[PDB]
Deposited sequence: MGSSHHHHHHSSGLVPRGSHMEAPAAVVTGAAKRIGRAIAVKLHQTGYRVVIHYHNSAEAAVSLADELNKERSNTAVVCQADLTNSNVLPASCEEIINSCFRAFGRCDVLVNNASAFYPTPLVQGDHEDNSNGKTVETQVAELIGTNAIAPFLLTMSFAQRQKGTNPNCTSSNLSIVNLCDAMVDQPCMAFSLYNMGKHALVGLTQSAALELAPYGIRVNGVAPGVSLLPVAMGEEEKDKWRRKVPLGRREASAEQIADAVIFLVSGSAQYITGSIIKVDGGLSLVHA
């Protein structure tokens, strides 16, 4: 019987490459999504075409709120409903936009940025552990977390909290055989709304190849941390940044 993984924000970009690569490794997958319904459903079809009954979709808003715990419990519950087990959780979903200190309500910006990047991962980790071989969690962190983008306070706080969670849950879940690690991209797939000139400005800064990471290169690191080659690894965060975080201003 094949293991199963939840990947949050799996319909597009990095999360999709992660779900595809896990599926290629033999995992059954829950493709969580928020708005990208048609892409998620299309991805599940593609994966079910390759090996039937190996992929389902699962819709959830991961904004912070009083019902977020129920939503997170449901994501994990859906893996058991589909596959009777849940071996891997990948915390990938993330809101990302500026929140300047000096000038959507601030209430909403806090809920979305802290919710998706930190609180939902925490609640998913809780539900993962409570519902419980080679069990592990991978959190998508940020290699630039100590050299953050200007005016991205709330986002930076979320990713910083995600580091805290990675370490805290590694320590706490170790006695249950659950490993908790992170993969930290620098620049990978650049945001759709970012202009081409700004994209080339970031590309030029990467020491290794003057280019961004492909989604697949990020996924490769995830695959390593969930595999048998990482059985002793927990609380570790692997930068996949082409040296970007090493470059001074």
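Gaps without C-alpha coordinates occur at 1-21, 125-133, 163-171, with positions taken along the deposited sequence from 1.
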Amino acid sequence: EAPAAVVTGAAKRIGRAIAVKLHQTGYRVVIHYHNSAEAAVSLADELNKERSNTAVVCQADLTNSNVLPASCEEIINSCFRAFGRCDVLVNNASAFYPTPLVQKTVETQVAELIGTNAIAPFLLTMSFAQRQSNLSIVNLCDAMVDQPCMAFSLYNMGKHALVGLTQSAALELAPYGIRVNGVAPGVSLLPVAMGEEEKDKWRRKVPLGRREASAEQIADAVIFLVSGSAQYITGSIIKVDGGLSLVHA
From here on, numbers count along this sequence of modelled residues.
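Rigid core here is just the name for the largest C-alpha set that superposes within 1.5 Å across the two forms.
When the other structures are laid on the shown form by the rigid core, the stretch among 66-74 and 203-211 with the greater C-alpha deviation in 9 other deposited structures of this protein turns out to be 203-211.
Annotation: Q103 belongs to the positions left without coordinates in at least a third of the other compared entries, with flanking residues modelled. Mean CA B-factor, 53-61 versus 191-199: the higher value falls on 191-199. Of the two segments examined, 182-190 and 42-50, it is 42-50 that shows the higher average Cα temperature factor in the deposited entry.
The PDB entry gives the largest Cα B-factor of the residues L101, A169, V138, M144 to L101.
As recorded in the PDB entry, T105 shows the highest C-alpha B-factor of the residues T105, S153, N92, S127. Placement of the Cα temperature factor of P175 within the chain: highest third of the modelled residues, per the deposited record. Ranked within its chain, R81 lands in the highest third, by CA B factor from the PDB record. Looking at the C-alpha B-factors along this chain, the one for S133 belongs to the highest third. Sort the modelled residues of the chain by CA B factor and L244 lands in the lowest third. The deposited CA B-factor of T234 belongs to the lowest third of values across its chain.
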